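Colleague: so I've got this experimental structure, pasted below with the sequence.
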Amino acid sequence: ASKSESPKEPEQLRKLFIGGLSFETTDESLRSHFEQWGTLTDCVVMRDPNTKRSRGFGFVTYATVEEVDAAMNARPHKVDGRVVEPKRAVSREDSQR
RNA sequence: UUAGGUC
């Protein structure tokens, strides 16, 4: 994750929420399977605070919204060998967790 | 294994 960029497009709007992925799906496995319908400026999978392996979901931010759109058209998506569900990233203040 | 990596 983390890209040195001044995005005119909202990070949240360019970010895709990837939930229900493989436990083998890490950052490199995630972005590699998503960098196929665009450029990921910010790819990040959540790992367990204890095991440091996986949490079964992650995030992927493209270079622009139209690449997110392309990934959505690519449903059912496939990363690491797992069929996932890529949704528009909501505000973290929205969920407030 | 689905919301936050976010310091």
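Modeller: That came in fine, so what should we check first? Numbers count the residues shown, from 1 in each chain, chains lettered A, B, ... in the order given.
Colleague: so which residue of chain A comes closest to RNA strand B?
Modeller: residue A:56 (1.6 Å; CB to the nearest atom of the strand). C-beta coordinates here come from the backbone N, C-alpha and C atoms, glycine included.
Colleague: ok, that residue - contacts?
Modeller: Contacts for residue A:56 (CB atoms under 8 Å, 6 or more residues apart in numbering) come out as A:19, A:20, A:21, A:23.
Colleague: buried subset of those, written for PyMOL?
Modeller: To isolate the buried members of these in PyMOL, using 16 or more other CB atoms under 10 Å:
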select buried, chain A and resi 21
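Colleague: and the contacts of residue A:56, which of them are in strands?
Modeller: Those of the contacts of residue A:56 mapping onto strands are residue A:19, per DSSP state E.
Colleague: out of the contacts of residue A:56, which are close to RNA strand B?
Modeller: Filtering the contacts of residue A:56 for proximity to RNA strand B by CB under 7 Å from any atom of the strand leaves A:19, A:20, A:21, A:23.
Colleague: the first one bridge partners, please.
Modeller: In this case it means residue A:19. Following DSSP bridges, residue A:19 is listed with bridge partners residue A:57, residue A:85.
Colleague: point me to the residue sitting farthest from the middle of chain A.
Modeller: Of all residues in chain A, residue A:50 has its C-alpha farthest from the mean position, at 21.8 Å, by CA atoms, centre = their mean.
Colleague: and the residue of chain A closest to RNA strand B, how close does it get to residue A:22?
Modeller: 8 Å (CB to CB, to the nearest Å).
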